[PDB]
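> PDB entry and its sequence, pasted below:
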Amino acid sequence: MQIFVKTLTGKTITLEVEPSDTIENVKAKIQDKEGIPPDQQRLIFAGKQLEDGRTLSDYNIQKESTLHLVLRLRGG
Amino acid sequence: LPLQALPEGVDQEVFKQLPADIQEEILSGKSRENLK
């Protein structure tokens, strides 16, 4: 099981998750793949932004469901 | 909106993919991104 989280630059990264690896877990899947902290990610699905108080199951996310992402630079 | 307030490395044809609560996050002005 995995998904495809496309960035603000139109490029995607394959990531393994479960219906229990909620957004705070997913932020570690994207951090592991590039080094981007949970404090600078911004994850979206079906065109809305998920929350660290939900689950991937709360938003019916499944394998290959395709997601979207944005990032920041903290300020510098 | 065109690149009228977007980052110096982004395009509306790849920023209209974001919710209205992120329209205000990229129209803010950023860096470390180049649509590539």
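Arrived safely. Numbering: from 1, shown residues only, chains lettered A, B, ... in the order given.
> Could you report the separation of the residue of chain A found nearest chain B from residue A:58?
Residue of chain A nearest chain B, by CB to the nearest CB: residue A:73 (4.4 Å). Just so you know, the C-beta spots here come from the backbone N, C-alpha and C atoms, and that holds for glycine as well. Per CB to CB, to the nearest Å, residue A:73 is found 29 Å from residue A:58.
> and these two? which has more neighbours close in?
Remark: of residue A:73 and residue A:58, residue A:58 carries more neighbours, 13 against 10, as counted by other CB atoms under 10 Å in any protein chain shown.
> ok, now which ones touch the nearest residue to that one once chain neighbours are set aside?
In space, and not counting its chain neighbours, residue A:58 is closest to residue A:22: 7.8 Å by CB to CB, 6 or more residues apart in numbering or on different chains. For residue A:22, the contact set (CB atoms under 8 Å, 6 or more residues apart in numbering or on different chains) comprises A:52, A:54-56, A:58.
> Out of those residues, who's the most crowded?
Busiest of those [other CB under 10 Å] is residue A:56, holding 22 neighbours.
> who's in contact with that residue?
With CB under 8 Å, 6+ apart as the criterion, the residues that contact residue A:56 are A:17-23, A:26.
> before we move on, what about residue A:8?
Here residue A:8 is in contact with A:69-71, B:10, B:14-15, B:18, B:26, B:33, B:35 (CB under 8 Å, 6+ apart).
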